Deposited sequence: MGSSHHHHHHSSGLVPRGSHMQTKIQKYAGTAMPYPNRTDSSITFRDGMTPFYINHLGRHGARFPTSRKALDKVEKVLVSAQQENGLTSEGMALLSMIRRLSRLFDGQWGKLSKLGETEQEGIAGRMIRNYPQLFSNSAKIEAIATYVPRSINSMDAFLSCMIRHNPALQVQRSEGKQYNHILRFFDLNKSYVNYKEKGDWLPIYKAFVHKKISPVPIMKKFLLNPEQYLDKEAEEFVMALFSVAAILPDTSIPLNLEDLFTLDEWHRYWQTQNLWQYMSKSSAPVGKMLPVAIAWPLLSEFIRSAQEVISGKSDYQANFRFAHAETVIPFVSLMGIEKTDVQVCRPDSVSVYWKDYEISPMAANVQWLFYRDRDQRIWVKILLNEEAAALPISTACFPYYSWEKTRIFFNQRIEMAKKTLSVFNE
């Protein structure tokens, strides 16, 4: 159903990894993956919902469906306790699927004693995502050679967003914040939603009504990622989900991607990862290294600026009008749960190197020419990426 599939898209970066199917041969794969589907990282939204409903209960202010909602929220509070930020069973099976289709699509690459390396951040959901992925790989071919490592030593290429002080300030206090808040006031109409759950929804101040509804969307958006057999998606109409998504999509765009208000600073900070991608590929191409694949497990704030910095079409657009961002830039197409980028390298009969870019396992486009899409000349692509890195360094030089 197109309605239910649109509602899933409106979960934004909390969308579960989409459904993918099986199916020449690459000699190398260069990979970046976000962790799989996870529990919420913060109790703030759930607490806010429970607090508002509990006060309404003591005021005898709940509708029949509001009482049903409160009972559910108390249950979720018990089920989420001790589980915040953890990879879910669904998150493991997403990684098993991504690895599984890779192995079946390219059996020759991972055959015999092929060599692979994986790295992850120090964050458990990303370590455990790498392990679900690696376990699948080893199950299919126990003769793989496997190097596994993780931790803060990879902060420079996987958590660059924590290391640049101008970006940290921008993320926390930047000029995007008033724009986001104004956009929320325009998009979000709380009274229809609160009318389902609360008697006299009009007695609530606009700000607390907004905050309650925003929190409830947040709880409902993350529940499909937890492997808990409970659902809140029908609380909202398709239009209401659409409006909520528009606000969160704008937040991700402005805080983490190419919005004009960010002056490309949020994108520029990813250049060390793009540099390391090129370096690992060049060493395999030359023979200095003989890895068949490099895998990397990290975060949405790793993937989003990395994709924009590569210049994948429709991901680095600099949209001048906030209300237009949703038409041109879709975070669920870029960084859903388990979002991943794969560079597949090929050698043709004349020994020329070609690369194919997969974004969530579908061919992605670069703003350079090729006579045989989706394959790009590696020479052309490397030069293009090196120019992107040089641009990124210039951008960072203008913000200390």
item: Where the deposited sequence has no C-alpha coordinates (positions from 1, in order); value: 1-18, 42-48, 426
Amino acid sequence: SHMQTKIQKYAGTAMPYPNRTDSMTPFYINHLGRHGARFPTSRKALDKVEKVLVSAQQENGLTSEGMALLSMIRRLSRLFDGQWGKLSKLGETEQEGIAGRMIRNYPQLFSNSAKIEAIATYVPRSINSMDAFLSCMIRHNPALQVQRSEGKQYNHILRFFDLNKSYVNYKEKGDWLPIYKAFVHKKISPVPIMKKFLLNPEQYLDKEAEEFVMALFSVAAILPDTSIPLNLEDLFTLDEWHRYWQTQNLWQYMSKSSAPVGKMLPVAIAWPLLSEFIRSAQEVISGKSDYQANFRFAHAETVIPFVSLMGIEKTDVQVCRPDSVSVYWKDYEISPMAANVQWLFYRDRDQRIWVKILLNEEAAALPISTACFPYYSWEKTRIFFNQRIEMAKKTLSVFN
From here on, numbers count along this sequence of modelled residues.
{"item": "93-101 or 226-234, whichever carries the higher mean Cα B-factor", "value": "226-234"}
{"item": "Stretch with the higher entry mean CA B-factor, where the candidates are 27-35 and 344-352", "value": "344-352"}
{"item": "Largest Cα B-factor, entry values, listed residues 131, 283, 117, 81", "value": "81"}
{"item": "Residue selected from 244, 271, 161, 197 by maximal Cα B factor", "value": "197"}
{"item": "Within-chain third of residue 141 by Cα B-factor, per the entry", "value": "middle"}
{"item": "Among modelled residues of the same chain, the CA temperature factor third for residue 251", "value": "middle"}
{"item": "Chain-relative CA temperature factor third for residue 331", "value": "lowest"}
{"item": "Position of residue 387 among the chain's modelled residues by C-alpha B-factor, lowest, middle or highest third", "value": "middle"}
{"item": "Residue 13 - which third its CA temperature factor falls in, relative to the rest of the chain", "value": "lowest"}
